[PDB]
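K.L.:
sequence plus experimental coordinates follow:
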Amino acid sequence: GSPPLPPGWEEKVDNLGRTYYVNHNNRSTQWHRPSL
């Protein structure tokens with residue numbers, strides 16, 4: 001966890017409480033992070 005996740009990815013929590021990552025480019029709203 002040295003470098004941040006790719007630019008355009010926004011940390012957004014949902015109504016239930018799962019802080020997912022909303023990619024601004026394609027709006028891929030996943031809660032598993034674009035990384036390992």
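P.N.:
Looks like it came in fine. Numbering: from 1, shown residues only.
K.L.:
list the residues that contact residue 9.
P.N.:
Residue 9 sits next to 21-24, 34 when contact means Cβ atoms under 8 Å, 6 or more residues apart in numbering. Any C-beta I mention is one placed from the backbone N, CA and C, and that applies to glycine too.
K.L.:
mind listing which of these are in strands?
P.N.:
21-23 (DSSP state E).
K.L.:
in JSON lines: the residues you listed, plus distance to residue 6 and neighbour count.
P.N.:
As requested, the ones in strands among the contacts of residue 9 are exported to JSON lines (distance: Cβ to Cβ, whole Å; neighbours: other Cβ atoms under 10 Å):
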{"residue": "21", "distance to residue 6": "9", "neighbour count": "19"}
{"residue": "22", "distance to residue 6": "12", "neighbour count": "16"}
{"residue": "23", "distance to residue 6": "8", "neighbour count": "16"}
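K.L.:
farthest pair in the contacts of residue 9?
P.N.:
Using Cβ to Cβ, these span at most 12.1 Å, a distance reached by 24 and 34.
K.L.:
can you tell me the centre-most residue of the chain?
P.N.:
For the chain, residue 21 is the residue whose C-alpha lies nearest the centre (Cα atoms, centre = their mean; 1.4 Å).
K.L.:
looking at it, it is touching residue 30, isn't it?
P.N.:
Yes - between residue 21 and residue 30 a contact is recorded at 6.2 Å, counting by Cβ atoms under 8 Å.
K.L.:
coming back round to it: what bridges to the residue nearest to the centre of the chain?
P.N.:
residue 11, residue 30 (DSSP bridges).
K.L.:
for residue 14, see how far away it is.
P.N.:
From residue 21 across to residue 14, the span is 11 Å (Cβ to Cβ, to the nearest Å).
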